[PDB]
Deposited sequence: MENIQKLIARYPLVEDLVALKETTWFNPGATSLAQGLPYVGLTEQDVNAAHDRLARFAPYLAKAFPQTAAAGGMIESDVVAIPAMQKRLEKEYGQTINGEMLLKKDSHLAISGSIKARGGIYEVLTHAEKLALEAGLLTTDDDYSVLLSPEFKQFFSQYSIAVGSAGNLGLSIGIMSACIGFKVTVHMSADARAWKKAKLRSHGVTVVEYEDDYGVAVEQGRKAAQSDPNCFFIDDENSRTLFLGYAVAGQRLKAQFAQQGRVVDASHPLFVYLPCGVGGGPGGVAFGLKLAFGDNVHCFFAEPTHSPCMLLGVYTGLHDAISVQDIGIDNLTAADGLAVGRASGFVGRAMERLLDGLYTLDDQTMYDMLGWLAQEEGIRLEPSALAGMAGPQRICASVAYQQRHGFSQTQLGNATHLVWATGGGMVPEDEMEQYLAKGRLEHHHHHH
């Protein structure tokens, strides 16, 4: 029992070990200009990513008719009032739902990171082999010659969820030999989804092979960051203002960190210091909260302090942070908070009731954020927020999965609240 030593210098570590619903507002959070140099990336890197996906748009158009891999944004005012009732706290401003749960390919946030990793790797090779240029129409990549080119290479991932689902599906559509290693206890539908695209799912109980790696890959991060500029266009189309007078609070589910980090960077680049991002994690897997708060990042894990890392949020069940995401983005995060499985399960049902939207438990992490921001007068005083500014604010909950989850599984999720 050497975890008691850390609990001395870091008071909040007591609540995390006790599985207490914690809400930590970052005192060392700052403007874009001051946060930027730590990120390791720049706007141009995102501009490249935007124009990468612009080049693959003709390819993806034909490949998956369901397609730009982008989700709608919708106001969820009935859900707002329901949260106000159940938990008490008033929610000032409009609440919006980002439905990355309904993205093409993998019905999840990974559709941004996963696909982009695959496409960028596939592009790189094609350019290096002298079979393609950046001025070519990327529909060429569907040809039998290019399928044969890609079959020469291979991709591999260890994931029982949306990472292996996204990489798996996209890698196969390109032409790669794809292999997703998985536990046999994983749900059969995901194995079936993968194998219908020609993926080799290996079940348990090399210079040619590219491994994904969510802990370090900047490519994934930059792929997520493409969401920022797209959201700005949606907001412009809907006559929605993001300003000092109209602040934008964003609530992002967090697993290892890549997803919400990349999105938060891209949003920061898009909307400046009037965007205010937050990470949401399960009480049983608070790795990014634990890593940022202590400053130990990837050095410390949730298992070390005695937390089991077991939770209904399968996508968020990550015991150790990415590390670089913590050091890179911490300054651009206004706060981090936890919520227990029952809170996710209950909100998941109320969202279905009030809005007719069905998500997986992990997606409901951001939903708790709004009332926790509105409750804290410490946070509002710390960031110089007036009461009128709060009233004209936009609270954007970021849903990260649900669209492809079959009925049987969704019926399982709904029977808990």
Item to check | Missing residue ranges, deposited sequence indexing starting at 1 | outcome: 1, 69 to 73, 212 to 227, 440 to 448
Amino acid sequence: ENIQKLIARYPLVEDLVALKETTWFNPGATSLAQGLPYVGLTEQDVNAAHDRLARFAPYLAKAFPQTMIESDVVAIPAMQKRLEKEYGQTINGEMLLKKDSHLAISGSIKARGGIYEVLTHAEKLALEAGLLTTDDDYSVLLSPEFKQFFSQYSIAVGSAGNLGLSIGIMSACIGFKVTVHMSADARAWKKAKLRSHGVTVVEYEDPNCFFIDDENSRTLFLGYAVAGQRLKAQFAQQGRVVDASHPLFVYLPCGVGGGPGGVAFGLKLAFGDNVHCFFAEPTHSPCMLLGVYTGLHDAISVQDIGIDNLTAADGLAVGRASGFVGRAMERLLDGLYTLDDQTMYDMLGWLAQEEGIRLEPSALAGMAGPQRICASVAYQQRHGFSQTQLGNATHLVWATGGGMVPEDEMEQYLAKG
From here on, numbers count along this sequence of modelled residues.
Checklist entry - Which of the two stretches, 96 to 104 or 171 to 179, shows the higher mean Cα temperature factor in the record? => result 96 to 104
Checklist entry - Which has the higher mean CA temperature factor in the PDB entry, 313 to 321 or 265 to 273? => result 313 to 321
Next on the checklist: Quiz for you: based on the deposited Cα B-factor, which of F149, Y204, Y251, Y337 is highest?
Outcome noted: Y204
Checklist entry - Of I76, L296, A236, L333, which one's C-alpha B factor is largest in the deposited record? => result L296
Checklist entry - Taking the C-alpha B-factors as the PDB entry records them, is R55 in the lowest, middle or highest third of its chain? => result lowest
Checklist entry - Mind checking which third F278 falls in for C-alpha B-factor across the chain? => result lowest
Checklist outcome for this item: On the chain's distribution of Cα B-factors, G40 falls within the third called lowest
Checklist entry - Looking at the C-alpha B-factor of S301, is it in the lowest, middle or highest third of its chain? => result highest
Next on the checklist: Looking at the temperature factor on the CA atom of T67, which third of the chain's modelled residues does it land in?
Outcome noted: highest
